[PDB]
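Take the entry's author numbering: the final residue in the sequence shown is number 259, and no numbers are missing along the way. Report on the structure given below.
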Amino acid sequence: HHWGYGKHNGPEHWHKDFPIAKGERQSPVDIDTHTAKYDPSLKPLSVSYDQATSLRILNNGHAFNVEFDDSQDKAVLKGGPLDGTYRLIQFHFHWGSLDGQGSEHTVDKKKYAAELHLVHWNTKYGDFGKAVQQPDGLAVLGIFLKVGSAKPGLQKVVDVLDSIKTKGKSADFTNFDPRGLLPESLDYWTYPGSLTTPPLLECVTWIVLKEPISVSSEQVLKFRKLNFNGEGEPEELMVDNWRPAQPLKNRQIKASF
Ligand SMILES: COC(=O)CCN(c1ccc(S(N)(=O)=O)cc1)c1nc(C)cs1
Ligand SMILES: [Zn+2]
């Protein structure tokens, strides 16, 4: 009886195996844009993905992960609200059964169709597994997806999905450039939070871009053809793999703009 998104193992049950689910800095949150404070001391976000080395794409039974080479100083995030240098390790998405839901963060209660998370770890801690034990261990860049015009930079991901339909399946996935997933503007909101899946560790500086990217109906439809089950098991479509908004508690959301 493992965690998941279903009626019997979803977000409302996670606290039994992961008490920190009811903690003081859980994610995601609703971003109330009128209460977010503009902070002129915030720096532009520096996204340096020119040398990124993707390696593989994996269905982990919750989402799909695009994994990177994080053994050298390639694909880093810095500036913004961050101190020091955070290295990209992987990206993944959360999405809905319908276009009207799927994001984890919300903006004045608006749900987007999906949300991309680019996960980075603070190089001060030497690798990811040590970083997640620290309050400033990770930086997750969150980007909303809306349904409209296709995102040509996403198509390479979409097209490989049929090769990893089921949990545990992986495919070589080299030479994918995550710059093709970014909107034009890097304006953002930021706050201290957590992983949005178990183990729900309170280690993340969240950086959520204001501008969504557009993907097509057909692209998201292919995300919703994935399966949460393994091969040879009854089919459970991979949809609604998002945790809803958690209490803000003693936090402030800051705006770069
Ligand atoms: C003990 O730590 C974890 O399991 C975090 C799990 N996870 C993950 C899960 C969710 C998110 S989210 N949804 O908060 O961005 C980030 C990281 C990742 N593990 C690796 C090795 C890369 S990303
Ligand atoms: Zn995520």
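By construction, the Cβ of each residue, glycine as well, lies at the ideal position given by its N, Cα and C atoms.
The alpha-carbon separation between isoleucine 91 and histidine 36 amounts to approximately 33 Å.
Excluding five sequence positions before and after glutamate 237, the CB atoms of its chain that fall closer than 8 Å to its own CB belong to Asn229 and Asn231, given in chain order.
With a cutoff of 7 Å, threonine 168 does not count as near ligand 1, since its C-beta is closer than that to no heavy atom of the ligand.
Within the DSSP secondary-structure output, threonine 108 pairs in a beta bridge with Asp32. Per DSSP, the unbroken beta strand (DSSP E) holding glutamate 69 starts and ends at 66-70. With distances taken between CA atoms, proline 13 lies nearest to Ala247 out of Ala247, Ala54, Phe259 and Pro137. Going by DSSP, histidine 119 is part of the beta strand (DSSP E) stretching over 116-124. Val210 is the residue among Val241, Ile215 and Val210 whose C-alpha sits nearest the C-alpha of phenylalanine 259. Between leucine 147 and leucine 120, the C-beta spacing is not below 8 Å. Leaving aside the five residues that flank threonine 168 on each side, the residues in its chain whose CB is nearer than 7 Å to its CB run, in chain order, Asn61, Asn229, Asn231, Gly232 and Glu233. DSSP lists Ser48 as the bridge partner or partners of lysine 80. Here the C-alpha atom of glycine 86 lies approximately 27 Å from the C-alpha atom of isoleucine 22. Classified as buried, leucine 140 has 16 or more neighbouring CB atoms from the shown chains inside 10 Å of its CB.
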